[PDB]
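Heads up, the thing below is written out as structure tokens.
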Number of protein chains: 2
Amino acid sequence: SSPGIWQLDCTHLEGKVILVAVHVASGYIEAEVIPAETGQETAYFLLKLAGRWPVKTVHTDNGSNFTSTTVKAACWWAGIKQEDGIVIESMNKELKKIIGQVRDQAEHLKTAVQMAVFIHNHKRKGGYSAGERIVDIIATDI
Amino acid sequence: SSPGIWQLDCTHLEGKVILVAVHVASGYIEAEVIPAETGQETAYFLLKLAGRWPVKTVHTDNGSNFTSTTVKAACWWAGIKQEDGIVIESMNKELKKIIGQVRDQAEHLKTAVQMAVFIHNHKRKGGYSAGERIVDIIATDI
Ligand SMILES: Cc1nc2c(c(-c3cc(F)c4c(c3C)CCCO4)c1[C@H](OC(C)(C)C)C(=O)O)CN(C[C@H]1C[C@H]1c1ccccc1)CC2
Ligand SMILES: Cc1nc2c(c(-c3cc(F)c4c(c3C)CCCO4)c1[C@H](OC(C)(C)C)C(=O)O)CN(C[C@H]1C[C@H]1c1ccccc1)CC2
């Protein structure tokens, strides 16, 4: 169901990889800079996300990355269901748009990515932000 | 007020440092393994936390770590108020207790810490978990 569904995606910037988790119903995001797209990086990120938010189902833009036994262990341990198939381009475009706008304010790319995550989750779209929508969606399900 | 108050603390294990953020009203935690307690590590962690949860006020067990101009920049950029003074020993004892219980299941300490964060936030105390309490507290304030 809708409150526990997340989409994982990866995007490239400055010879680095940005791993993004999107809470599908709200548009709320978590993101991190990693050296390369690997099973180990995805597994560790999933384990972190699942301890912080209710993660019931995960989708990816890269099915081969979910085949990894390290990713399988993270989903098995956290009780996450892997679901095939999957917007993503637009989220990656909007995130890179925010990143480019703030890039000069920081030395490290990871700092600019976290500033971009902050801007995205706090942005009101009398409208609500993605941060307000995720908390609203999950509290309703409790 | 109560929904935006966080406590930061650091604890040592296996020659490494575990940086813990506790949502005071719920007992919900975020934690990471870092090489050493620095202004830069604390600043980056604060920037991440504030983009993910409403962080209005932060307290620490180590005031000298909040004096750093890098920590000051993170709080200024994210609009966090630093508040002097501050339970913590018991949270560190409970977290290390959970860590020791799972330590053998993983090679890396960081993996065991994330498993411990997952266990703590999901643990029901008909009672509610820290994960349910934080979402409940924040949705009420919306
Ligand atoms: C370094 C490492 N290598 C492997 C594995 C894990 C790993 C990954 C996880 F996501 C995880 C756990 C472990 C131990 C313990 C339970 C919580 O989740 C780790 C882990 O480090 C990461 C990648 C940085 C997180 C660590 O520190 O040990 C997991 N292995 C799975 C095959 C045993 C088989 C398996 C077991 C269960 C389900 C599916 C496959 C492959 C190698
Ligand atoms: C490497 C680095 N060194 C310094 C600083 C920041 C830094 C830290 C932040 F928390 C931060 C920002 C920056 C640029 C931009 C806005 C969002 O928050 C970074 C940052 O890397 C981290 C530590 C890994 C996050 C980066 O990549 O640039 C911040 N500097 C502050 C004195 C200018 C003065 C200041 C400015 C505003 C308020 C208070 C003090 C000292 C050196």
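If you're wondering about the labels, chains in the structure tokens are A, B, ... by order shown, residues count from 1 in each chain, ligands from 1 in order shown.
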Which residues sit within 6 Å of ligand 2, counting only C-alpha atoms and all ligand atoms, listed as a tab-separated table (two decimals) with C-alpha atoms, in the first residue's frame?
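In the end it all went to out.tsv:
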```
chain	number	residue	atom	x	y	z
A	105	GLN	CA	27.87	27.95	-1.56
A	106	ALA	CA	29.83	24.79	-0.68
A	107	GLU	CA	33.18	23.13	-1.38
A	108	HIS	CA	31.89	19.48	-1.30
A	111	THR	CA	27.13	19.43	1.21
B	40	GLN	CA	32.86	19.16	10.25
B	43	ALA	CA	27.95	20.14	10.81
B	44	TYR	CA	27.38	17.68	7.97
B	69	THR	CA	32.29	27.83	12.93
B	70	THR	CA	31.39	24.84	10.64
B	71	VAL	CA	28.65	23.76	13.16
B	72	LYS	CA	27.59	27.45	13.44
B	73	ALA	CA	27.21	27.60	9.61
B	74	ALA	CA	25.09	24.39	9.57
B	76	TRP	CA	22.56	29.24	10.59
B	77	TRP	CA	21.83	27.75	7.15
```
Can you write out as a tab-separated table which residues of chain B fall within 12 Å of ligand 1, alongside each residue's closest atom pair and its distance in Å to one decimal, counting only C-alpha atoms and all ligand atoms and ordering rows by chain and ascending residue number?
```
residue	atom	partner	partner_atom_place_in_ligand_line	distance
B:102	CA	ligand 1	16 (C)	8.6
B:103	CA	ligand 1	15 (C)	9.2
B:104	CA	ligand 1	14 (C)	8.8
B:105	CA	ligand 1	15 (C)	5.4
B:106	CA	ligand 1	28 (O)	3.6
B:107	CA	ligand 1	28 (O)	3.8
B:108	CA	ligand 1	27 (O)	3.6
B:109	CA	ligand 1	27 (O)	6.6
B:110	CA	ligand 1	27 (O)	6.9
B:111	CA	ligand 1	27 (O)	4.7
B:112	CA	ligand 1	27 (O)	7.0
B:113	CA	ligand 1	27 (O)	9.7
B:114	CA	ligand 1	17 (C)	8.1
B:115	CA	ligand 1	17 (C)	6.1
B:116	CA	ligand 1	17 (C)	9.8
B:117	CA	ligand 1	17 (C)	11.4
B:118	CA	ligand 1	17 (C)	9.8
B:119	CA	ligand 1	17 (C)	11.1
```
For those residues, write N, CA, C and O atoms to a file as a PDB file, in the first residue's frame.
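Dumped everything to part-v9.pdb:
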```pdb
ATOM      1  N   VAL B 102      23.786  -7.733  18.237  1.00  0.00           N
ATOM      2  CA  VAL B 102      23.755  -7.938  16.787  1.00  0.00           C
ATOM      3  C   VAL B 102      25.127  -7.946  16.137  1.00  0.00           C
ATOM      4  O   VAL B 102      25.214  -8.320  14.977  1.00  0.00           O
ATOM      5  N   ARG B 103      26.181  -7.497  16.854  1.00  0.00           N
ATOM      6  CA  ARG B 103      27.541  -7.293  16.347  1.00  0.00           C
ATOM      7  C   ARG B 103      28.073  -8.433  15.483  1.00  0.00           C
ATOM      8  O   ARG B 103      28.651  -8.152  14.431  1.00  0.00           O
ATOM      9  N   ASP B 104      27.834  -9.695  15.896  1.00  0.00           N
ATOM     10  CA  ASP B 104      28.286 -10.908  15.206  1.00  0.00           C
ATOM     11  C   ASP B 104      27.624 -11.121  13.838  1.00  0.00           C
ATOM     12  O   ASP B 104      28.192 -11.807  12.985  1.00  0.00           O
ATOM     13  N   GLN B 105      26.437 -10.519  13.623  1.00  0.00           N
ATOM     14  CA  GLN B 105      25.684 -10.642  12.370  1.00  0.00           C
ATOM     15  C   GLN B 105      26.280  -9.825  11.227  1.00  0.00           C
ATOM     16  O   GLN B 105      25.878  -9.995  10.076  1.00  0.00           O
ATOM     17  N   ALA B 106      27.210  -8.918  11.531  1.00  0.00           N
ATOM     18  CA  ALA B 106      27.800  -8.073  10.488  1.00  0.00           C
ATOM     19  C   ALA B 106      29.289  -7.921  10.640  1.00  0.00           C
ATOM     20  O   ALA B 106      29.794  -7.941  11.757  1.00  0.00           O
ATOM     21  N   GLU B 107      29.981  -7.693   9.517  1.00  0.00           N
ATOM     22  CA  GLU B 107      31.411  -7.421   9.492  1.00  0.00           C
ATOM     23  C   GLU B 107      31.663  -5.999  10.026  1.00  0.00           C
ATOM     24  O   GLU B 107      32.411  -5.829  10.993  1.00  0.00           O
ATOM     25  N   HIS B 108      31.017  -4.981   9.413  1.00  0.00           N
ATOM     26  CA  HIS B 108      31.249  -3.565   9.764  1.00  0.00           C
ATOM     27  C   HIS B 108      30.453  -3.080  10.933  1.00  0.00           C
ATOM     28  O   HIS B 108      29.263  -3.401  11.053  1.00  0.00           O
ATOM     29  N   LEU B 109      31.091  -2.246  11.776  1.00  0.00           N
ATOM     30  CA  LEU B 109      30.431  -1.650  12.932  1.00  0.00           C
ATOM     31  C   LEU B 109      29.220  -0.803  12.481  1.00  0.00           C
ATOM     32  O   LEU B 109      28.174  -0.849  13.130  1.00  0.00           O
ATOM     33  N   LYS B 110      29.373  -0.054  11.367  1.00  0.00           N
ATOM     34  CA  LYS B 110      28.339   0.844  10.839  1.00  0.00           C
ATOM     35  C   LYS B 110      27.059   0.068  10.505  1.00  0.00           C
ATOM     36  O   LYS B 110      25.962   0.569  10.763  1.00  0.00           O
ATOM     37  N   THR B 111      27.216  -1.182   9.993  1.00  0.00           N
ATOM     38  CA  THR B 111      26.089  -2.073   9.681  1.00  0.00           C
ATOM     39  C   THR B 111      25.367  -2.439  10.961  1.00  0.00           C
ATOM     40  O   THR B 111      24.150  -2.294  11.017  1.00  0.00           O
ATOM     41  N   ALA B 112      26.114  -2.832  12.013  1.00  0.00           N
ATOM     42  CA  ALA B 112      25.532  -3.166  13.334  1.00  0.00           C
ATOM     43  C   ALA B 112      24.849  -1.948  13.962  1.00  0.00           C
ATOM     44  O   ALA B 112      23.810  -2.094  14.598  1.00  0.00           O
ATOM     45  N   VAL B 113      25.414  -0.728  13.765  1.00  0.00           N
ATOM     46  CA  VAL B 113      24.788   0.493  14.312  1.00  0.00           C
ATOM     47  C   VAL B 113      23.436   0.721  13.620  1.00  0.00           C
ATOM     48  O   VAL B 113      22.466   1.037  14.288  1.00  0.00           O
ATOM     49  N   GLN B 114      23.371   0.559  12.286  1.00  0.00           N
ATOM     50  CA  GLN B 114      22.101   0.781  11.564  1.00  0.00           C
ATOM     51  C   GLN B 114      21.031  -0.254  11.935  1.00  0.00           C
ATOM     52  O   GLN B 114      19.847   0.092  12.043  1.00  0.00           O
ATOM     53  N   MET B 115      21.458  -1.511  12.173  1.00  0.00           N
ATOM     54  CA  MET B 115      20.564  -2.576  12.662  1.00  0.00           C
ATOM     55  C   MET B 115      20.046  -2.175  14.022  1.00  0.00           C
ATOM     56  O   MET B 115      18.853  -2.279  14.282  1.00  0.00           O
ATOM     57  N   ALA B 116      20.936  -1.625  14.883  1.00  0.00           N
ATOM     58  CA  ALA B 116      20.549  -1.155  16.217  1.00  0.00           C
ATOM     59  C   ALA B 116      19.569   0.019  16.175  1.00  0.00           C
ATOM     60  O   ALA B 116      18.628   0.061  16.970  1.00  0.00           O
ATOM     61  N   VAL B 117      19.768   0.966  15.230  1.00  0.00           N
ATOM     62  CA  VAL B 117      18.865   2.118  15.055  1.00  0.00           C
ATOM     63  C   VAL B 117      17.474   1.562  14.649  1.00  0.00           C
ATOM     64  O   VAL B 117      16.459   1.970  15.206  1.00  0.00           O
ATOM     65  N   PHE B 118      17.462   0.630  13.689  1.00  0.00           N
ATOM     66  CA  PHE B 118      16.217  -0.008  13.208  1.00  0.00           C
ATOM     67  C   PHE B 118      15.482  -0.648  14.401  1.00  0.00           C
ATOM     68  O   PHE B 118      14.314  -0.345  14.606  1.00  0.00           O
ATOM     69  N   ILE B 119      16.179  -1.483  15.203  1.00  0.00           N
ATOM     70  CA  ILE B 119      15.578  -2.166  16.369  1.00  0.00           C
ATOM     71  C   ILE B 119      14.997  -1.173  17.354  1.00  0.00           C
ATOM     72  O   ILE B 119      13.835  -1.310  17.751  1.00  0.00           O
TER      73      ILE B 119
END
```
Inset, instruction - Do me a favour and pick out the residues of chain B within 10 Å of chain A, using only C-alpha atoms, as a count of residues only. - result: 44
Inset, instruction - For residue 82 (chain A), please output as a PyMOL selection string all residues within 9 Å (counting only C-alpha atoms; exclusion window: fewer than 5 positions along the same chain). - result: chain A and resi 56-60+66+72+75
Those same residues - N, CA and C atoms - I'd like them written as a PDB file, in the first residue's frame.
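Full text of out39.pdb as output:
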```
ATOM      1  N   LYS A  56       8.128  -0.523   3.347  1.00  0.00           N
ATOM      2  CA  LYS A  56       7.445  -1.793   3.105  1.00  0.00           C
ATOM      3  C   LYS A  56       7.817  -2.345   1.729  1.00  0.00           C
ATOM      4  N   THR A  57       7.811  -1.476   0.715  1.00  0.00           N
ATOM      5  CA  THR A  57       8.103  -1.874  -0.653  1.00  0.00           C
ATOM      6  C   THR A  57       9.088  -0.906  -1.292  1.00  0.00           C
ATOM      7  N   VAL A  58      10.066  -1.435  -2.042  1.00  0.00           N
ATOM      8  CA  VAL A  58      11.042  -0.630  -2.780  1.00  0.00           C
ATOM      9  C   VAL A  58      11.055  -0.959  -4.272  1.00  0.00           C
ATOM     10  N   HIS A  59      11.102   0.084  -5.092  1.00  0.00           N
ATOM     11  CA  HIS A  59      11.250  -0.002  -6.539  1.00  0.00           C
ATOM     12  C   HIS A  59      12.564   0.676  -6.904  1.00  0.00           C
ATOM     13  N   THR A  60      13.139   0.294  -8.045  1.00  0.00           N
ATOM     14  CA  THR A  60      14.374   0.891  -8.552  1.00  0.00           C
ATOM     15  C   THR A  60      14.269   1.189 -10.051  1.00  0.00           C
ATOM     16  N   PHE A  66      19.411  -4.575  -7.693  1.00  0.00           N
ATOM     17  CA  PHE A  66      18.595  -5.286  -6.697  1.00  0.00           C
ATOM     18  C   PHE A  66      18.787  -6.815  -6.680  1.00  0.00           C
ATOM     19  N   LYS A  72      19.770  -8.093  -1.321  1.00  0.00           N
ATOM     20  CA  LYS A  72      18.800  -9.106  -0.887  1.00  0.00           C
ATOM     21  C   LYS A  72      18.831  -9.274   0.639  1.00  0.00           C
ATOM     22  N   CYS A  75      17.110  -6.178   2.309  1.00  0.00           N
ATOM     23  CA  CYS A  75      15.648  -6.275   2.201  1.00  0.00           C
ATOM     24  C   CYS A  75      15.078  -7.392   3.103  1.00  0.00           C
TER      25      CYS A  75
END
```
Hey, which bits of region 16-43 of chain B sit within 9 Å of region 6-9 of chain B, and for each residue what's the closest pair of atoms and how far apart in Å (one decimal), counting only C-alpha atoms, rows by chain and increasing number, as a tab-separated table?
```
residue	atom	partner	partner_atom	distance
B:18	CA	B:9	CA	8.3
B:19	CA	B:9	CA	6.0
B:20	CA	B:9	CA	5.2
B:21	CA	B:8	CA	4.5
B:22	CA	B:7	CA	5.0
B:23	CA	B:6	CA	4.6
B:24	CA	B:6	CA	5.5
B:25	CA	B:6	CA	8.5
B:42	CA	B:8	CA	8.9
```
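Nearest to residue 63 (chain B) of all the residues B:80, B:5, B:86, B:13 is B:86, based on only C-alpha atoms.
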Legend entry - Non-local contacts of residue 93 (chain A) (12 Å; only C-alpha atoms; under 6 positions in same chain excluded) as a PyMOL selection string: chain A and resi 10-13+87+99-100+116
Got time to write the residues from that selection, N, CA and C atoms, as a PDB file, in the first residue's frame?
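What ended up in again37.pdb:
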```pdb
ATOM      1  N   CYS A  10      19.430   6.394  -9.131  1.00  0.00           N
ATOM      2  CA  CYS A  10      20.749   6.961  -9.062  1.00  0.00           C
ATOM      3  C   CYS A  10      20.992   7.862 -10.252  1.00  0.00           C
ATOM      4  N   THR A  11      21.765   8.904 -10.000  1.00  0.00           N
ATOM      5  CA  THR A  11      22.055   9.912 -10.992  1.00  0.00           C
ATOM      6  C   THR A  11      23.518  10.277 -10.852  1.00  0.00           C
ATOM      7  N   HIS A  12      24.112  10.777 -11.936  1.00  0.00           N
ATOM      8  CA  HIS A  12      25.533  11.109 -11.970  1.00  0.00           C
ATOM      9  C   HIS A  12      25.759  12.597 -12.018  1.00  0.00           C
ATOM     10  N   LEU A  13      26.788  13.059 -11.292  1.00  0.00           N
ATOM     11  CA  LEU A  13      27.182  14.457 -11.229  1.00  0.00           C
ATOM     12  C   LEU A  13      28.634  14.571 -10.763  1.00  0.00           C
ATOM     13  N   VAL A  87       8.905  10.946 -14.612  1.00  0.00           N
ATOM     14  CA  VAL A  87       8.772  11.178 -13.170  1.00  0.00           C
ATOM     15  C   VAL A  87      10.173  11.225 -12.530  1.00  0.00           C
ATOM     16  N   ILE A  99      20.619  21.624  -6.954  1.00  0.00           N
ATOM     17  CA  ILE A  99      22.065  21.465  -6.705  1.00  0.00           C
ATOM     18  C   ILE A  99      22.906  22.582  -7.392  1.00  0.00           C
ATOM     19  N   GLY A 100      22.683  22.814  -8.689  1.00  0.00           N
ATOM     20  CA  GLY A 100      23.392  23.840  -9.459  1.00  0.00           C
ATOM     21  C   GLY A 100      23.246  25.242  -8.901  1.00  0.00           C
ATOM     22  N   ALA A 116      20.278  20.716  -1.063  1.00  0.00           N
ATOM     23  CA  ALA A 116      19.220  20.456  -2.044  1.00  0.00           C
ATOM     24  C   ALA A 116      18.090  19.588  -1.487  1.00  0.00           C
TER      25      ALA A 116
END
```
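CA of residue 36 (chain B) is found 9.2 Å from CA of residue 15 (chain B).
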Legend entry - Residue set, region 8-139 of chain A restricted to strand (DSSP E), as a PyMOL selection string: chain A and resi 8-13+16-23+28-34+57-60+81-82
Written file, previous selection with N, CA, C and O atoms, as a CSV table (one decimal), in the first residue's frame:
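Result saved to selection-v5.csv:
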```csv
chain,number,residue,atom,x,y,z
A,8,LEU,N,13.9,4.0,-5.6
A,8,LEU,CA,15.3,4.3,-5.5
A,8,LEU,C,15.8,4.6,-6.9
A,8,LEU,O,15.4,4.0,-7.8
A,9,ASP,N,16.7,5.6,-7.0
A,9,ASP,CA,17.3,5.9,-8.3
A,9,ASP,C,18.7,6.5,-8.1
A,9,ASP,O,19.0,6.9,-7.0
A,10,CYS,N,19.4,6.4,-9.1
A,10,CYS,CA,20.7,7.0,-9.1
A,10,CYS,C,21.0,7.9,-10.3
A,10,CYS,O,20.4,7.7,-11.3
A,11,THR,N,21.8,8.9,-10.0
A,11,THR,CA,22.1,9.9,-11.0
A,11,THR,C,23.5,10.3,-10.9
A,11,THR,O,24.1,10.0,-9.8
A,12,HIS,N,24.1,10.8,-11.9
A,12,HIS,CA,25.5,11.1,-12.0
A,12,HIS,C,25.8,12.6,-12.0
A,12,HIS,O,25.0,13.3,-12.7
A,13,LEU,N,26.8,13.1,-11.3
A,13,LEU,CA,27.2,14.5,-11.2
A,13,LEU,C,28.6,14.6,-10.8
A,13,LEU,O,29.0,13.9,-9.8
A,16,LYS,N,30.6,11.6,-9.9
A,16,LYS,CA,30.1,10.9,-8.7
A,16,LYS,C,28.7,10.5,-8.9
A,16,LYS,O,28.0,10.9,-9.8
A,17,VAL,N,28.2,9.6,-8.0
A,17,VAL,CA,26.9,9.1,-8.0
A,17,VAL,C,26.1,9.6,-6.8
A,17,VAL,O,26.6,9.6,-5.7
A,18,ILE,N,24.8,10.0,-7.1
A,18,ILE,CA,23.9,10.4,-6.1
A,18,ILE,C,22.8,9.4,-6.0
A,18,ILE,O,22.1,9.2,-7.0
A,19,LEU,N,22.7,8.7,-4.9
A,19,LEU,CA,21.7,7.7,-4.6
A,19,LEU,C,20.5,8.4,-4.0
A,19,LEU,O,20.7,9.1,-2.9
A,20,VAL,N,19.3,8.4,-4.6
A,20,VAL,CA,18.1,9.1,-4.2
A,20,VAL,C,17.0,8.1,-3.8
A,20,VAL,O,16.8,7.1,-4.6
A,21,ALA,N,16.4,8.2,-2.6
A,21,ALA,CA,15.2,7.4,-2.3
A,21,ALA,C,14.0,8.4,-2.2
A,21,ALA,O,14.1,9.5,-1.6
A,22,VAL,N,13.0,8.2,-3.0
A,22,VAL,CA,11.8,9.0,-3.1
A,22,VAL,C,10.6,8.3,-2.4
A,22,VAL,O,10.3,7.1,-2.8
A,23,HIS,N,9.9,8.9,-1.5
A,23,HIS,CA,8.7,8.4,-0.9
A,23,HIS,C,7.6,8.8,-1.9
A,23,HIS,O,7.2,9.9,-2.0
A,28,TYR,N,8.7,13.1,-0.8
A,28,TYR,CA,9.8,13.3,0.2
A,28,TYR,C,11.0,12.6,-0.2
A,28,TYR,O,10.9,11.4,-0.7
A,29,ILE,N,12.2,13.2,-0.1
A,29,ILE,CA,13.4,12.5,-0.6
A,29,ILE,C,14.5,12.4,0.5
A,29,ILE,O,14.6,13.2,1.4
A,30,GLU,N,15.3,11.3,0.3
A,30,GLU,CA,16.6,11.2,1.1
A,30,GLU,C,17.6,11.0,0.0
A,30,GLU,O,17.3,10.4,-1.0
A,31,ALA,N,18.8,11.5,0.1
A,31,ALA,CA,19.8,11.4,-0.9
A,31,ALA,C,21.2,11.4,-0.3
A,31,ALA,O,21.4,12.0,0.8
A,32,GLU,N,22.1,10.7,-0.9
A,32,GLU,CA,23.5,10.7,-0.5
A,32,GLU,C,24.5,10.5,-1.7
A,32,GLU,O,24.1,10.0,-2.8
A,33,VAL,N,25.7,11.0,-1.6
A,33,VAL,CA,26.7,10.9,-2.6
A,33,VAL,C,27.5,9.7,-2.2
A,33,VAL,O,28.0,9.5,-1.1
A,34,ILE,N,27.7,8.8,-3.2
A,34,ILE,CA,28.5,7.6,-3.1
A,34,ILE,C,29.5,7.5,-4.2
A,34,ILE,O,29.4,8.1,-5.2
A,57,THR,N,7.8,-1.5,0.7
A,57,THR,CA,8.1,-1.9,-0.7
A,57,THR,C,9.1,-0.9,-1.3
A,57,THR,O,8.9,0.3,-1.2
A,58,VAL,N,10.1,-1.4,-2.0
A,58,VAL,CA,11.0,-0.6,-2.8
A,58,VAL,C,11.1,-1.0,-4.3
A,58,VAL,O,11.1,-2.1,-4.7
A,59,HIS,N,11.1,0.1,-5.1
A,59,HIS,CA,11.3,0.0,-6.5
A,59,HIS,C,12.6,0.7,-6.9
A,59,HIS,O,13.1,1.5,-6.2
A,60,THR,N,13.1,0.3,-8.0
A,60,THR,CA,14.4,0.9,-8.6
A,60,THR,C,14.3,1.2,-10.1
A,60,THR,O,13.4,0.6,-10.7
A,81,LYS,N,9.8,-5.7,0.8
A,81,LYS,CA,9.5,-6.4,-0.4
A,81,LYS,C,10.1,-5.7,-1.6
A,81,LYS,O,9.9,-4.5,-1.8
A,82,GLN,N,10.9,-6.4,-2.4
A,82,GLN,CA,11.4,-5.8,-3.7
A,82,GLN,C,10.3,-6.0,-4.7
A,82,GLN,O,9.8,-7.0,-4.9
```
